[PDB]
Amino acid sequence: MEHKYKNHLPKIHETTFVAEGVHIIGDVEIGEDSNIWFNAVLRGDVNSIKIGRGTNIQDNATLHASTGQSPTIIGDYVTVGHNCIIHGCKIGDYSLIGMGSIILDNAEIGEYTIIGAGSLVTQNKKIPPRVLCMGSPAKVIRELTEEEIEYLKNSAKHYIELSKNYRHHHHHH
């Protein structure tokens, strides 16, 4: 579902997959090949949400922001895990937010970074590119390996392929 808020209707690319039970409200922009999964809520009322190209927002997640704080800005080929809370933060390209994590206002996650499952990235926290960061409050643990970087090169692209299988549902018996 797409809902209007004041003078704002969501701007959703024609190639974006939106699963059932989703609510996208107001000032939300979602780029090509991005894919939004079951029961996710993307609420752009008090502030804006922008999602780039080829990014997945997984099931039961919530995206929001705060009046007068940073907008929610998510780059390209990002993976946001199931049941995440993404709140007024910036996430760089190719990064992965582990399922069940919480990212608070004005935080920034560099590109090609893994946030471990169940992490809490607190307000204003700055996380560099190419690291593993995890815990509550989350801390930078180590640099990613070449294999982990390669995994991030393609994790979102596999979700794009998965979402195309759903977009062609009416082309399957």
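One-based numbering along the sequence shown.
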Comparing 136 to 144 with 35 to 43, the one whose average Cα B-factor in the PDB entry is higher: 136 to 144
Segment of higher mean CA temperature factor, 20 to 28 or 146 to 154: 146 to 154
B-factor third for the C-alpha atom of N124 within its chain: middle
Third of chain Cα B-factors occupied by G68: highest
